[PDB]
Amino acid sequence: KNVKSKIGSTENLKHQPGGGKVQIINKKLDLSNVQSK
(Lines give C-alpha, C1' and ligand atoms only; values in the text may rest on other atoms or scores of the structure.)
Protein backbone atom coordinates (compact mmCIF):
# COMPACT_ATOMS: atom_id res chain seq x y z
CA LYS A 1 0.00 0.00 0.00
CA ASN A 2 1.48 3.15 -1.33
CA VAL A 3 -2.23 3.84 -1.32
CA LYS A 4 -4.12 4.78 1.78
CA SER A 5 -5.66 7.84 3.47
CA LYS A 6 -4.11 10.02 0.74
CA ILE A 7 -3.99 13.66 1.68
CA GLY A 8 -7.54 14.37 0.71
CA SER A 9 -8.00 14.69 4.42
CA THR A 10 -5.95 17.91 4.18
CA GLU A 11 -8.52 19.19 1.73
CA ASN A 12 -10.95 19.32 4.44
CA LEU A 13 -9.30 22.56 5.58
CA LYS A 14 -7.97 23.88 2.31
CA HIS A 15 -11.54 24.82 1.65
CA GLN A 16 -11.52 26.67 4.98
CA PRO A 17 -14.99 25.80 6.19
CA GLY A 18 -16.57 28.75 7.96
CA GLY A 19 -15.29 31.58 5.76
CA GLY A 20 -15.85 34.07 8.57
CA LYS A 21 -12.92 33.76 10.83
CA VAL A 22 -12.70 35.02 14.35
CA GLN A 23 -11.45 37.90 12.27
CA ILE A 24 -15.12 38.89 11.83
CA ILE A 25 -13.41 42.16 12.45
CA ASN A 26 -12.59 41.06 8.92
CA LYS A 27 -15.24 43.55 7.92
CA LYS A 28 -14.15 45.41 11.03
CA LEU A 29 -17.53 44.85 12.65
CA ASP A 30 -16.46 46.74 15.77
CA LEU A 31 -17.14 50.40 15.44
CA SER A 32 -15.80 52.72 18.10
CA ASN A 33 -19.26 54.18 17.83
CA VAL A 34 -17.84 57.39 16.41
CA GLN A 35 -21.32 58.92 16.55
CA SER A 36 -19.76 62.39 16.67
CA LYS A 37 -22.01 65.44 16.34
# chains A, B, ... in the order shown; residues from 1 in each chain; ligands from 1
>>> select_by_dssp(residues="stretch 1-31 of chain A", states="helix (DSSP H, G or I)", output="ChimeraX atom specification")
/A:8-14,24-26
>>> atom_distance(atom1="atom CA of residue A:4", atom2="atom CA of residue A:17")
24.1 Å
>>> decode(residues="stretch 3-26 of chain A", atoms="N, CA, C and O atoms", output="PDB file, in the first residue's frame")
ATOM      1  N   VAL A   3      -0.905   3.257  -1.274  1.00  0.00           N
ATOM      2  CA  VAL A   3      -2.233   3.839  -1.322  1.00  0.00           C
ATOM      3  C   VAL A   3      -2.905   3.683   0.022  1.00  0.00           C
ATOM      4  O   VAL A   3      -2.898   2.619   0.627  1.00  0.00           O
ATOM      5  N   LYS A   4      -3.465   4.765   0.480  1.00  0.00           N
ATOM      6  CA  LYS A   4      -4.122   4.780   1.776  1.00  0.00           C
ATOM      7  C   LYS A   4      -5.003   6.023   1.979  1.00  0.00           C
ATOM      8  O   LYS A   4      -5.807   6.369   1.114  1.00  0.00           O
ATOM      9  N   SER A   5      -4.864   6.664   3.133  1.00  0.00           N
ATOM     10  CA  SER A   5      -5.659   7.843   3.473  1.00  0.00           C
ATOM     11  C   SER A   5      -5.532   8.915   2.414  1.00  0.00           C
ATOM     12  O   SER A   5      -6.491   9.639   2.188  1.00  0.00           O
ATOM     13  N   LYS A   6      -4.356   9.014   1.787  1.00  0.00           N
ATOM     14  CA  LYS A   6      -4.108  10.017   0.744  1.00  0.00           C
ATOM     15  C   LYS A   6      -3.566  11.295   1.371  1.00  0.00           C
ATOM     16  O   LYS A   6      -2.517  11.304   2.015  1.00  0.00           O
ATOM     17  N   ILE A   7      -4.306  12.354   1.169  1.00  0.00           N
ATOM     18  CA  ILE A   7      -3.987  13.662   1.677  1.00  0.00           C
ATOM     19  C   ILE A   7      -5.241  14.480   1.489  1.00  0.00           C
ATOM     20  O   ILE A   7      -5.320  15.646   1.856  1.00  0.00           O
ATOM     21  N   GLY A   8      -6.244  13.792   0.936  1.00  0.00           N
ATOM     22  CA  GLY A   8      -7.543  14.367   0.707  1.00  0.00           C
ATOM     23  C   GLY A   8      -8.028  14.917   2.019  1.00  0.00           C
ATOM     24  O   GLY A   8      -8.756  15.893   2.085  1.00  0.00           O
ATOM     25  N   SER A   9      -7.603  14.261   3.076  1.00  0.00           N
ATOM     26  CA  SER A   9      -7.999  14.694   4.419  1.00  0.00           C
ATOM     27  C   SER A   9      -7.588  16.154   4.646  1.00  0.00           C
ATOM     28  O   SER A   9      -8.294  16.909   5.312  1.00  0.00           O
ATOM     29  N   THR A  10      -6.452  16.536   4.071  1.00  0.00           N
ATOM     30  CA  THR A  10      -5.945  17.905   4.183  1.00  0.00           C
ATOM     31  C   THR A  10      -6.939  18.886   3.565  1.00  0.00           C
ATOM     32  O   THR A  10      -7.077  20.032   3.993  1.00  0.00           O
ATOM     33  N   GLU A  11      -7.576  18.410   2.510  1.00  0.00           N
ATOM     34  CA  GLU A  11      -8.521  19.194   1.731  1.00  0.00           C
ATOM     35  C   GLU A  11      -9.605  19.665   2.603  1.00  0.00           C
ATOM     36  O   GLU A  11     -10.216  20.701   2.343  1.00  0.00           O
ATOM     37  N   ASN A  12      -9.890  18.911   3.619  1.00  0.00           N
ATOM     38  CA  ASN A  12     -10.951  19.319   4.444  1.00  0.00           C
ATOM     39  C   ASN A  12     -10.731  20.762   4.889  1.00  0.00           C
ATOM     40  O   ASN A  12     -11.660  21.513   5.018  1.00  0.00           O
ATOM     41  N   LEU A  13      -9.502  21.167   5.154  1.00  0.00           N
ATOM     42  CA  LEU A  13      -9.299  22.557   5.577  1.00  0.00           C
ATOM     43  C   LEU A  13      -8.807  23.495   4.493  1.00  0.00           C
ATOM     44  O   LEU A  13      -8.886  24.707   4.661  1.00  0.00           O
ATOM     45  N   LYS A  14      -8.361  22.974   3.361  1.00  0.00           N
ATOM     46  CA  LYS A  14      -7.965  23.882   2.312  1.00  0.00           C
ATOM     47  C   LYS A  14      -9.158  24.714   1.919  1.00  0.00           C
ATOM     48  O   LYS A  14      -9.031  25.889   1.574  1.00  0.00           O
ATOM     49  N   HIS A  15     -10.333  24.100   1.987  1.00  0.00           N
ATOM     50  CA  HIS A  15     -11.541  24.815   1.649  1.00  0.00           C
ATOM     51  C   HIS A  15     -11.863  25.875   2.699  1.00  0.00           C
ATOM     52  O   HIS A  15     -12.591  26.830   2.428  1.00  0.00           O
ATOM     53  N   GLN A  16     -11.299  25.708   3.898  1.00  0.00           N
ATOM     54  CA  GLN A  16     -11.516  26.666   4.983  1.00  0.00           C
ATOM     55  C   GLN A  16     -12.980  26.807   5.318  1.00  0.00           C
ATOM     56  O   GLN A  16     -13.579  27.861   5.109  1.00  0.00           O
ATOM     57  N   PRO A  17     -13.570  25.762   5.835  1.00  0.00           N
ATOM     58  CA  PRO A  17     -14.987  25.804   6.189  1.00  0.00           C
ATOM     59  C   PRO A  17     -15.217  26.944   7.170  1.00  0.00           C
ATOM     60  O   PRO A  17     -14.366  27.208   8.018  1.00  0.00           O
ATOM     61  N   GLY A  18     -16.329  27.633   7.053  1.00  0.00           N
ATOM     62  CA  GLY A  18     -16.568  28.754   7.959  1.00  0.00           C
ATOM     63  C   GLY A  18     -15.747  29.955   7.507  1.00  0.00           C
ATOM     64  O   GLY A  18     -14.798  30.355   8.181  1.00  0.00           O
ATOM     65  N   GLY A  19     -16.064  30.480   6.323  1.00  0.00           N
ATOM     66  CA  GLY A  19     -15.286  31.580   5.761  1.00  0.00           C
ATOM     67  C   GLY A  19     -15.102  32.725   6.752  1.00  0.00           C
ATOM     68  O   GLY A  19     -14.023  33.314   6.799  1.00  0.00           O
ATOM     69  N   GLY A  20     -16.091  33.022   7.593  1.00  0.00           N
ATOM     70  CA  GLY A  20     -15.851  34.073   8.573  1.00  0.00           C
ATOM     71  C   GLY A  20     -14.953  33.502   9.628  1.00  0.00           C
ATOM     72  O   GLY A  20     -15.253  32.473  10.233  1.00  0.00           O
ATOM     73  N   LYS A  21     -13.859  34.175   9.854  1.00  0.00           N
ATOM     74  CA  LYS A  21     -12.917  33.758  10.830  1.00  0.00           C
ATOM     75  C   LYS A  21     -13.124  34.631  12.031  1.00  0.00           C
ATOM     76  O   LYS A  21     -13.754  35.686  11.932  1.00  0.00           O
ATOM     77  N   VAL A  22     -12.589  34.229  13.144  1.00  0.00           N
ATOM     78  CA  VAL A  22     -12.701  35.019  14.346  1.00  0.00           C
ATOM     79  C   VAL A  22     -12.348  36.468  13.996  1.00  0.00           C
ATOM     80  O   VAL A  22     -12.492  37.373  14.819  1.00  0.00           O
ATOM     81  N   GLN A  23     -11.857  36.669  12.761  1.00  0.00           N
ATOM     82  CA  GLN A  23     -11.454  37.903  12.269  1.00  0.00           C
ATOM     83  C   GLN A  23     -12.668  38.655  11.833  1.00  0.00           C
ATOM     84  O   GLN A  23     -12.526  39.566  11.079  1.00  0.00           O
ATOM     85  N   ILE A  24     -13.878  38.232  12.280  1.00  0.00           N
ATOM     86  CA  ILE A  24     -15.117  38.891  11.830  1.00  0.00           C
ATOM     87  C   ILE A  24     -14.907  40.390  11.834  1.00  0.00           C
ATOM     88  O   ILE A  24     -15.582  41.133  11.121  1.00  0.00           O
ATOM     89  N   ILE A  25     -13.848  40.793  12.505  1.00  0.00           N
ATOM     90  CA  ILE A  25     -13.406  42.157  12.446  1.00  0.00           C
ATOM     91  C   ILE A  25     -12.926  42.305  11.005  1.00  0.00           C
ATOM     92  O   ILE A  25     -12.446  43.355  10.576  1.00  0.00           O
ATOM     93  N   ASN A  26     -13.027  41.167  10.287  1.00  0.00           N
ATOM     94  CA  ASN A  26     -12.589  41.056   8.919  1.00  0.00           C
ATOM     95  C   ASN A  26     -13.234  42.181   8.130  1.00  0.00           C
ATOM     96  O   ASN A  26     -12.607  42.827   7.291  1.00  0.00           O
TER      97      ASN A  26
END
